[PDB]
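Before any questions on binding or motion, here is one chain by itself as structure tokens, the form deposited in one PDB entry.
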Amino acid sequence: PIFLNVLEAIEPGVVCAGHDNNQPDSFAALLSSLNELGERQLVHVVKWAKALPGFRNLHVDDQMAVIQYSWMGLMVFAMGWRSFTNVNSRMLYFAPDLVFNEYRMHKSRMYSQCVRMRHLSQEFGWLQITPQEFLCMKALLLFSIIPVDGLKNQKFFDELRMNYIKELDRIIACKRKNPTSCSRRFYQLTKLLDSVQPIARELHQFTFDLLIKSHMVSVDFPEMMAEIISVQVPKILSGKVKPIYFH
């Protein structure tokens, strides 16, 4: 189980937001903590991605672009799984010190997106998603959103993606003889994977609008994040960069 050994080994540890939970909730404070957390997380996502089997096959410029475009979806997926395993989807577990209840969901002005993410979180339970299916699916999300014009080396990307889809096949094929059971499983998962994109899209839009009026809402945006939102996210919202759906 070489492939799974590796994913397990590189899976990031706990990342805290540094939020002050002794202070009443406020839009500004919550979003400032979400931005800070996002920035702390990106550092880990980058290190994780670069340690993924075959990732260095990609062109240097494609590596970062791919990481920045898929960043949101990866987090959404992981956060959903964390919510599932930690609080049984009761609340959104962004971090041990940044857990959202309905009040915070409403206060953050990200209610609709939070509700979709909670539903995703419940999906891991309804579908009895295994810890290993989760790891492979999350890896697959890194190769699920590219520019319409293609990357420097599209072919190496396509190869990479194809090989990851196959590993997911393998984790499903294991302990499964009847093809009809595997085909049904593959359907549910690819179907689950597709659902992540629309959620990331909504967060992107929310994040973009917020950055534009940040100076009006007293919301602090970290250096790196701001750059990605202003340079990368617009490409996604304008359609130049799009996700790869299964269905």
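Numbering starts at 1 and follows the sequence shown.
Form deposited with a partner chain bound: not shown, discussed below.
One residue of 55, 186, 206, 221 in contact with the partner chain, assessed in the bound PDB entry (non-hydrogen atom, 4.5 angstroms)
Flagged contact: 55.
In the bound PDB entry, the residue from 29, 211, 37, 46 that sits within 4.5 Å of the partner chain by heavy atoms
Exactly one listed residue reaches within 4.5 Å, namely 46.
With the distance limit set at 4.5 angstroms and only heavy atoms considered, check whether 146, 159 and 240 all reach the partner chain in the bound PDB entry.
No.
Contact of residue 17 with the partner chain in the bound PDB entry (heavy atom, 4.5 Å):
Result no; residue 17 lies far from the partner chain in the bound PDB entry.
Given that the partner is absent here, does residue 33 sit within 4.5 Å of the partner chain in the bound PDB entry, heavy atoms only?
So residue 33 does not count as contacting the partner chain.
Using the partner position in the bound PDB entry, report whether residue 190 sits within 4.5 Å of the partner chain, counting heavy atoms only.
So residue 190 does not count as contacting the partner chain.
Is it the case that residue 68, even though its partner is missing from this view, gets within 4.5 Å of the partner chain in the bound PDB entry, heavy atoms only?
It does: once the partner chain is placed as it appears in the bound PDB entry, residue 68 has a heavy atom within 4.5 Å of it.
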